[PDB]
Structures are given as structure tokens and as C-alpha cells.
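**Q** Here's a structure for you.
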Amino acid sequence: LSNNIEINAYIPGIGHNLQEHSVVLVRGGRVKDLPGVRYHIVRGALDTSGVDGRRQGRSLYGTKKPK
Amino acid sequence: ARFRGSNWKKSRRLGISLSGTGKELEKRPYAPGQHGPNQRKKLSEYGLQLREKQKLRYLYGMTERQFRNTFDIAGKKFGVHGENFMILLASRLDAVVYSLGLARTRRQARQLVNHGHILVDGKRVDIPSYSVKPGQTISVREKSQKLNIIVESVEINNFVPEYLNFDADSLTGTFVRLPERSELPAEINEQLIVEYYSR
Amino acid sequence: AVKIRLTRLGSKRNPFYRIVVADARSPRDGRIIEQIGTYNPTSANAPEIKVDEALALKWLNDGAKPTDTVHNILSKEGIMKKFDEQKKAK
Amino acid sequence: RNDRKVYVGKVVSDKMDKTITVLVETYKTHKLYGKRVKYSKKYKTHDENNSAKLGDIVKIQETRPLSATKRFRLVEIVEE
RNA sequence: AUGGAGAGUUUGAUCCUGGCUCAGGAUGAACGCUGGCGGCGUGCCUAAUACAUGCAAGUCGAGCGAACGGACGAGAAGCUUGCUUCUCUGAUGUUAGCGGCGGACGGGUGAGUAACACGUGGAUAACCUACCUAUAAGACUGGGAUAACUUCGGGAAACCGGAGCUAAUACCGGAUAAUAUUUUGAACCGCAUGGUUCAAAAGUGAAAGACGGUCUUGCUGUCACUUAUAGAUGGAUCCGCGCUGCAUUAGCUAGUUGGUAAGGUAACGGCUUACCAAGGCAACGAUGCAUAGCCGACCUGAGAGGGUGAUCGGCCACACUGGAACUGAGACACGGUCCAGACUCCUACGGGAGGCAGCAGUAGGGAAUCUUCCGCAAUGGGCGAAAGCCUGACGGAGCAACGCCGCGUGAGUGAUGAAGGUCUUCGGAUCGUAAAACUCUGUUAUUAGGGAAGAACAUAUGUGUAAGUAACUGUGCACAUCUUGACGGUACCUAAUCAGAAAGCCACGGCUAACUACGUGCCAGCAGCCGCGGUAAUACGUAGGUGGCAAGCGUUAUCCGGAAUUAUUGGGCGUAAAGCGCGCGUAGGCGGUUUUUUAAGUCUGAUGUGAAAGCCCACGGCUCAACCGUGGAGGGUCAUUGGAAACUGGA
Ligand SMILES: [Mg+2]
Ligand SMILES: [Mg+2]
Ligand SMILES: [Mg+2]
Ligand SMILES: [Mg+2]
Ligand SMILES: [Mg+2]
Ligand SMILES: [Mg+2]
Ligand SMILES: [Mg+2]
Ligand SMILES: [Mg+2]
Ligand SMILES: [Mg+2]
Ligand SMILES: [Mg+2]
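Protein chains in written order, with the authors' numbering: chain m, 70 to 136; chain e, 2 to 200; chain q, 2 to 91; chain r, 4 to 83.
Have a look at this one:
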């Protein structure tokens, strides 16, 4: 992170474009299944792309209106 | 208006005729949509409270924010909260115009006020949310005295509540006094609405 | 020095003023010594003026000096004549 | 004439010259619980003649700063 | 009486204990999706990081010398009587400089500060105060200079040096003048020190002119000047009380604590310095460490409480970092100076220049926060006699759903329940009065006309009046007249045309309002918790339908609530977490009965104060509301003073 703390962030949605050296926005929220992951990646912010073909709850996954 | 959706579907869901005639409930007195015809499970206590609140809200065609603000100001007054809320809802220029009978529908009455056809104390008031107080005279704009909608609505001799006093010849009403719970719609259980806003 | 002046209130394009006794170095809408009245320029096509003669005269005696609009107000309310009359009579 | 504050306390130190330390006891109610709790403050007082002695009840009045820490003077000796 | 909801989850099942989680409200929010408008607000929280450029502090010719400009209009005819020069007068004007005042305000920021910083209540018989007001007494008599200017010289520059000349409301001497200073008489008074008032001497301390009026070998108006004493204003110091975490921080202090004397300060004072003594502080938390501007308020809560300190107002602190003084009534001074440091820039290398935590704006940092705008028309401030000038204060405009409030995206009729999508028991059911059709409307939109308030004025111009004068001009006051608007042709209003351009977002197993189909198959995924998904998933993804909201809807972060889970209100300690292994005891807390008394606690009044804004209540103004205004009400553990005396305390 910008504060220089290293963290594990969950990538939500089906499919992702992220690679090493990608720049991402991280929000709060832990994944209960995953022990070390206490944060989520924000979809459709900075480098992270929106989930492709998401047509319900698009705002959560960074997808624009399909029309 | 603001909500412009199916008034029938909203009536059928809430089990009350929003038009006040029962035309919506005559053929299909059950909730809209796929599962409407099938049996409806019993409502929870929250479900009943919400239903009653929605009934009153959609009856007066108000948005939730404004409905809740009106509920608050009503609560700040003296007496029974639920009754005060209902009389305050009835005192809206919207409701007053409709009840005088210048329009045949509440939405129509709202459009009449919103398009600037109505006069209050001789002056143009265009806010449907305007709170009419006792002693004020509601009139039609001099240009709009011969509107087909208004004339036809007035010709249909709609019953005018006792708290109002309408003269159809002059198309002039008077808000004589505050309504009474007796005069207000009987299908609403305001206590449930108070409870709803309690939690 | 000490000044009898108008402090601005109200909203944008709706001025209301309180007639106050203030030190000149004080900010317009800041520290005051006393409020003596109010003035409303935009009210009903007639300036609505409330002023306390007892307070205004006490301050005028002690060397407080009106701004031009305030002098007009104290003239309209008759305080400026009273100040002159006493002062000449003294 | 405006009146300066007067306190009554017991002399707890007479070691300094022309000075006595007087402990004034007051009660501070607890903000939440409401019980009054005993509280003491030592007041440095001017005693020109070194009249007072440890253990004597004394009356002190506020003055201008007479020293770095002394703000009170001895009005009288109430008990000895 | 105006105010108080619970739910899930430990088990095979149970009751209890207990934590965890959720439903609410709030924000200077950010992010995702989406997006019509208006009103009123709000908008660098992070780098007190660095800052290109313009602007943010001037003004006064009625203080002064000087210079420019030279009207009006002076002379010769070039024979050009329209053009000409210096041999003049030279008006309205203007400016570099001197001098006065301002620049200590207004504006910014919260770094530092755990402190009498701040809040609240007191004190100063320990203070200071330009301008303003009032009163009284004065403003006399002389002098020597110096900017500008001229000339010379030295510098790359910044900018210096010499000579000559010249004014002032600039500077200086003397006179006269104190309630100031010393000394000696008293008189009265308070709260130690002391206050006050009246007499007699001694030393010592001022000042100024300018512009006008007139009856002009002298009076006078306005403004300015000096001294003394008050008022007003602002500032300073002291003190009671309140105001933060940590003891896995227990000792701390030697100008330190006090005294004496002197110096110093507006002033008291270890404020400082010598001298003398050994004090002072601390478990009622000193000292240290960490963190922090404080408050009015703000958010939440039924309340008690808990959390916080944006915008606005008050107080404090700071101005590249550190130190220091100068000028001044006031500064140890944001856009002043000097020095040191870091940084940036210029240089002829000798030496110079600079400080956005003013307004915009830029770079950087950041999840994230605006235009290098218009006007001094209003309000306020500086200067001026005034017009006026200056004013990034401020009034406006711009940008951003960032918030709050208001109004839209249509309304009536409409079975003929059309088509189509979806589901299906293949009957149908649902989307759905929804649509279409028909009729109507114009908020809004568009187009075209009209068109506010905000403006008071000041000044000038008349008239009157009051004071003063010999009178006048002026001066104060009163009443008339002209003229002044950035916004802006904006708001608003009117008419014409058109449903046309104006709905999205989340959710639907339970909590929790709203279910089906299909695809998928412990995968892909979901998830606040209980969990869900391994082939007939109301939990994934999509579709239809529904629900909740709406120009928003969701997510994340953070605070209060629910949480009686730090329990005063309002919990406990046999077995659930929790009685020290047990004595002796110190401080502290608490304590039997009666009488008398006191009145600290307690109770009951009065007085002052607790700014304004806000909250609350009422009323009034904006088409309504938000918002604005006004009046109440409330808010102290407050101070002072008068009663009551049961209880607690004291005797
Ligand atoms: Mg800090
Ligand atoms: Mg509670
Ligand atoms: Mg400065
Ligand atoms: Mg600056
Ligand atoms: Mg809204
Ligand atoms: Mg989902
Ligand atoms: Mg609690
Ligand atoms: Mg146990
Ligand atoms: Mg035991
Ligand atoms: Mg107040």
C-alpha cells in the first residue's frame, strides 16, 4: 500500500486482469474463508477492470450499464 | 407526479384501493406478479407495520423522505401522534384540492397544483406539499376556470368533507378547520405507522 | 475608535443587519461591545428599523461614532437631533 | 471596595522565614458517583513576625504576588 | 408521562453464563454504478511540503520644497496672419521626494503548547492605553540642518560615497505650564503593603500650522497641535474552580523554596543579581513519557452517559528554521529590519536577491477537496476637509449530487385484459390499465416580450434651526433636490409551441420487506453472522417477477446506539470469569441514643453573570420547505447576599 504496509487483498467477481505491478484500490472487508485476507480489491477502480458480463449488482463489481 | 408506476399493482399489493373506488381490487384482490395468485404466507409484525406505512404513503403519493419529515413535524405537535400525522397529511394542498373536487384523481390534483393552476388566498401556490392552514381559500387560476378537467370533475358531485367548504359556482374552497380522524380515511391504522417509525 | 455600525446577517441576496457598537479594528461579523438595534433594507419596500434610544444616546455621549448609513438611521429615528439638542443645552 | 477571598486552614509548615504554608481543605463531588471527596491545597502565606506555628488554625486573605509562589497573607490566628 | 422493541450463533435437545455478529443514526467522506433542475449551504482532513505568475496596503497637494504641464492669453510678420519663439503672466492639473497617519487591523494556518493555554468565577491598595468623546488650561520666543535637486566619483548588478544648494504640521534651544518628582504640615479611610483629600516650598517637563470668513494696524470658522483630568476602548498580571492518558514512569528540584538588599519592568514578583537560611513539590500522582490548540458547539443516546472539536463566533499560538532588537500608543512585526542555517536564484566571482499557513493557481503527497473570474454597487476598514483613492476584507459570479430542502421525468380515460417476454398442471397464469388509442396539462423545456428589491447615501445644491460671534464664513441638527448596482437584463412575470428531451441503484435463505426458471455443479463463485455451492441451489451467475428507495442507490472507513458487555442510573464473585492462604494494623471510607448550638454540606429566594450564533419553543419573511429574521425558554460543579434547619458535618 501507499503507507508501505504489505497486505493480502481479495479479488472479487468472476475473472480478473490483475498481474504483478498492477496499481489497485483496496477497501475494507475480510473474507471469512481465507485466513490472511482482511481487505478487498475494488473492481473498476484504477487498473482493476470491471467483471465482464455482470448484469446484476454491477456497481459492486465495477461494470458499466450494458445498454 | 413523483411515483408514476402502476397504481393498481400498488393497490393490489397493499390490499387497499388507492383510487378509493375498489376498481383495482374488484377482479384480482391479491398481490401482483408471478406468485400473486398463489397463497400468501402470513406477514410478520414488521411486515404489517411496513404495509400500513406504505398504504398511507402511496395513498398520498409522497416520497419516503418527505413522508418521514412530515411524520416528524406531526410528532412535534400536541395530541396523538398518529392522528396529528394523518390530519397534517390531509392538510396538503394536493389533498385539499382533491377533496374539494377540482380533480377526479389525487395525481390529477397534484398535476393541477404543480402546473400552477391553483390559487391560495388569491396568490399562486405551485407546491403540492404546501401545508394549508384553517381559514385559507383555495381557488382556480382565472385563466384555468374553464379547463375541461376541472369543470368535469366539479360537475361530478364528489362528496366534500365537513372540514372543507366548497362553492362549485365560483370554484372556490375554504379550509374551514382541521380535519377529524372520523373524516380521515378509515382503512389506515396510524398506530402501526407510529410503531413502524419506533423501529 | 468605538463605532456604531451595521453587522451583516441573513442569506445571499437577503441582507439583514444588526446595529451594533464595536471597536473599528474588530471584524465586521465578529466581536462587538453591545447591540442597539436592527435594520432591514429589503423588507416590504420600506426599511424596517428598530433602535434603542437610551443605548444609542449613551454610546454617542461616550464618543462612539456612527457609520454613514447608521447616522441616517439615527436621523430617521430622531436620535441625532436629541444628541444635538442635549449637547447644545449642556 | 471589592473584597479579596479569605480562607481558613491549619499551618503545616513554618520552616521558611516570614512564611507559613496553610492547608485548606475542601470537598470535590465526583462527577458521576456524586460522593464528596476530601481535597487539600497548600497556600503559601506571608507571616511577617513569624507569629504562627505548625498546627495552628489561621485565616488567610489573597494579596498581590509577594513571592514566586506566595499569594496570601495571614489575617489572624483562629486557634493555637 | 411525549420517552426506552430486538435477532442470529456453543447442544442430540435444554436452561444459564458469555463473547461475536446484525437491523438505527451521523460524516468536510472516498469509491462503484447512475444522473433533470432550482434554493440554501459545504468543499486540502494528507506535505506548518516546495512554490512559476498576477493581485492581497495604502493614503494625504487643505503639512513641504521642487519639477512637469503649461490653458486664458501676452510681442515680431516668415507676408505662411497661423503660425512663430522667449522677452512675460502664467489657470485647472499631475508627479518622484520630504513629512503625517496607516501598515500591530483585516486575511491565513493549527506547527508548537498538558499551560492560568482555554472555560467559568473573582482580584489589581501591583498596571498600561494612538485614534474617539468630554472638560479645563495653553499654543510664546529663536535656531541649525537635510532629502528632492545639481555635479563629481565607485560598482556587473543590487546599490553606495563626496561637494554644493533648499523647505516644512521635519529637527532642536529657551520661556511659560502639572494632581507627575522630592520635602514638610495636616484630615479622613481600607484589606498587610496601604487609599484619599487639602495646604507650603524645591527641582523638572509642552505645543503648529494649514485652508477659509469679515467691518481686515485684528478679530474669527473648521481642521490640526500641547498639557492635565475623566469617559470609552483595547491590552497586561494574579487567583479559586473545571479542563488528558500511562506507575512495566516514584521520587523531583539548587534560582531551586523562603528571606534581605539592589537592579529591572506599565506593573507585582527569583523577574534578575549578590548575600543568608534550607527549604519547595510529590501516592489528593510529583518528575518523566505519549498525545493534543481550547471553548461556544457538533454527532449519538429515553436518560445517565459516550464520541468529537469542519464550516461560523470567541480566546490562544505561529508567519522558511533559529536568535535579536529597532520604529511605534501598540510588534519583538505574514507581504519590516539585522544575524545564523537550509533551500532557490543572479553574478563581471568582488558580491547580490528571495519566503502563498493572503486570493487564484502550479508541482508533489493523497482515497479525496474548486476559478490564475467580476466589482468596490452593499457592509466593514485605512488615509483625506471632502470628492475620492486603496481594500483577493467583503459582495457576487464559476466549478463539484458533497449535503439539506423543494419540484419534475406527465395527467384523465382505457379490456379490447392486444403483441411480446416469463412461467406452466399446457387449462392457463403473470408483466398489466401497463401499452396502444383517445383526451388534457405545461411544472419544466424552448422561443419571444416585460422586468424588482437590494440604494442607505456621502458629496454638492437650497431652506430653516441650535451653539458661538461684532458680524461672517464655517459647525451640529432638521427638511427638501440631483446623482450612484458587480451581480444583470439575473430573479420574477407574461405569451406561444411541445409528452415531447428528464430513472437509476440495491436487494428478494433467516435476521429483513420482496420467488420462480434456467445455467453451474464444494467448480465458478457468494458471505455481516448463521452459512451456501459436490447435478431438482428461493444463498452462485443470468432471466422473468417482486421488494426497498429515488437523482440517487450501494460499498468502504470512522463515531454513538443496540451493549445492563465497566452496570451512578443499571451487573457480579459456592460450582460459569471473579474472595488476597491468614493475621496485626496505617491512611482513608463509614459509624449507637438524647439535648443545645452552628450553619460547611442540604433546602428555599434575590442580585450579577454564564457573548452572539446554535439546540428547543413561538411568531414573522422567502409561492412551500430547507433557509433567513425576531422574541422567549434552557444551559454553572458560578459568585454575592437573605432566610429554613430535618438529615450529614463542626462545637
Ligand atoms: Mg499539534
Ligand atoms: Mg441506552
Ligand atoms: Mg506586516
Ligand atoms: Mg506572504
Ligand atoms: Mg430529494
Ligand atoms: Mg451478490
Ligand atoms: Mg453502555
Ligand atoms: Mg471459577
Ligand atoms: Mg478465605
Ligand atoms: Mg446564547
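Ideal placement from N, C-alpha and C gives every residue a C-beta, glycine not left out.
Do you know whose CA, among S12(e), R41(e), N39(e) and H36(e), lies nearest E27(e)'s CA?
**A** Out of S12(e), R41(e), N39(e) and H36(e), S12(e) has the C-alpha closest to the C-alpha of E27(e).
**Q** Say yes only if the C-beta of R5(e) is nearer than 8 Å to one or more non-hydrogen atoms of ligand 5, and no if none qualify.
**A** Every heavy atom of ligand 5 is 8 Å or more from the Cβ of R5(e), so no.
**Q** Does the Cβ-Cβ distance between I80(r) and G12(r) come in under 9 Å?
**A** No, the pair does not count as a contact, with Cβ atoms beyond the cut-off.
**Q** Considering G23(e), what are the terminal residues of the alpha helix (DSSP H) in which it resides?
**A** No alpha helix (DSSP H) contains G23(e), which DSSP labels as neither H nor E.
**Q** Have a look at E86(q), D53(q), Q87(q) and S44(q) and flag the residue whose alpha-carbon is nearest the alpha-carbon of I5(q).
**A** Here the closest residue by C-alpha is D53(q).
**Q** Does any heavy atom of ligand 5 sit closer than 8 Å to the C-beta of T71(e)?
**A** No, Cβ of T71(e) sits at least 8 Å from all heavy atoms of ligand 5.
**Q** Output needed for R76(r): all residues of its chain with C-beta closer than 7 Å, excluding positions within five of it in sequence on either side, in chain order.
**A** The answer, listed in chain order, is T48, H49, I63, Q64 and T66.
**Q** Can you list, in chain order, the residues of its chain whose CB lies under 7 Å from that of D121(m), leaving out five sequence neighbours each side?
**A** Hits under 7 Å: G84.
**Q** Quick check on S154(e): does DSSP put it in helix, strand or coil?
**A** Correct three-state label for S154(e): helix.
**Q** With a threshold of 6 Å on Cβ separation, who are the neighbours of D17(r) within its own chain once the five nearest residues in sequence on each side are excluded?
**A** Closer than 6 Å at Cβ, skipping near neighbours: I23, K56 and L57.
**Q** Indicate the three-state DSSP secondary structure (helix, strand or coil) for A47(q) in the structure shown.
**A** Here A47(q) sits in coil by DSSP.
**Q** Taking the alpha helix (DSSP H) that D69(q) belongs to, which residues open and close that run?
**A** Note, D69(q): alpha helix (DSSP H), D69 to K77.
**Q** Exposed or buried, what is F68(e) when buried is set at 16 or more other beta-carbons lying within 10 Å of its beta-carbon?
**A** Buried is the call here.
**Q** Tell me which residues share the same chain as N15(q) and place their Cβ nearer than 7 Å to its Cβ, disregarding the 5 neighbours each side in the sequence.
**A** The answer, listed in chain order, is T43.
**Q** DSSP has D168(e) in a bridge; who is on the other side?
**A** Beta-bridge pairing links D168(e) to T173(e).
**Q** Strictly by DSSP, which residues pair up with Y40(q)?
**A** Answer by DSSP bridge pairing, in chain order: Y18(q) and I50(q).
**Q** Is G126(m) near ligand 6, with its Cβ less than 8 Å from a heavy atom?
**A** Yes, the beta carbon of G126(m) sits closer than 8 Å to at least one heavy atom of ligand 6.
**Q** Compare the C-alpha of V195(e) against each of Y31(e), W9(e), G48(e) and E84(e) and name the closest.
**A** Out of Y31(e), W9(e), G48(e) and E84(e), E84(e) has the C-alpha closest to the C-alpha of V195(e).
**Q** Please report the distance separating the alpha-carbon of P30(e) from that of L57(e).
**A** The straight-line gap from Cα to Cα measures roughly 18 Å.
**Q** Could you check the C-alpha separation between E188(e) and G82(m) for me, to the nearest Å?
**A** Whole-angstrom Cα-Cα distance: 47 Å.
**Q** With C-beta atoms as the reference, is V126(e) less than 9 Å away from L172(e)?
**A** No. Outside cutoff.
**Q** Beta carbon of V9(r), beta carbon of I60(r): below 9 Å?
**A** Not in contact: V9(r) and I60(r) (Cβ atoms no closer than 9 Å).
**Q** What does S132(e) pair with, by DSSP beta-bridge criteria?
**A** In the DSSP output, where bridge partners are listed per residue, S132(e) has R93(e).
**Q** May I ask which residues mark the beginning and end of the alpha helix (DSSP H) holding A75(e)?
**A** Run containing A75(e): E65 to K77, per the alpha helix (DSSP H) assignment.
**Q** Give the DSSP bridge partners of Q64(r), in chain order.
**A** Its beta-bridge partners are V9(r) and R76(r).
**Q** The beta strand (DSSP E) spanning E28(r) covers which residue range?
**A** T22 to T32 is the span of the beta strand (DSSP E), which, as asked, contains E28(r).
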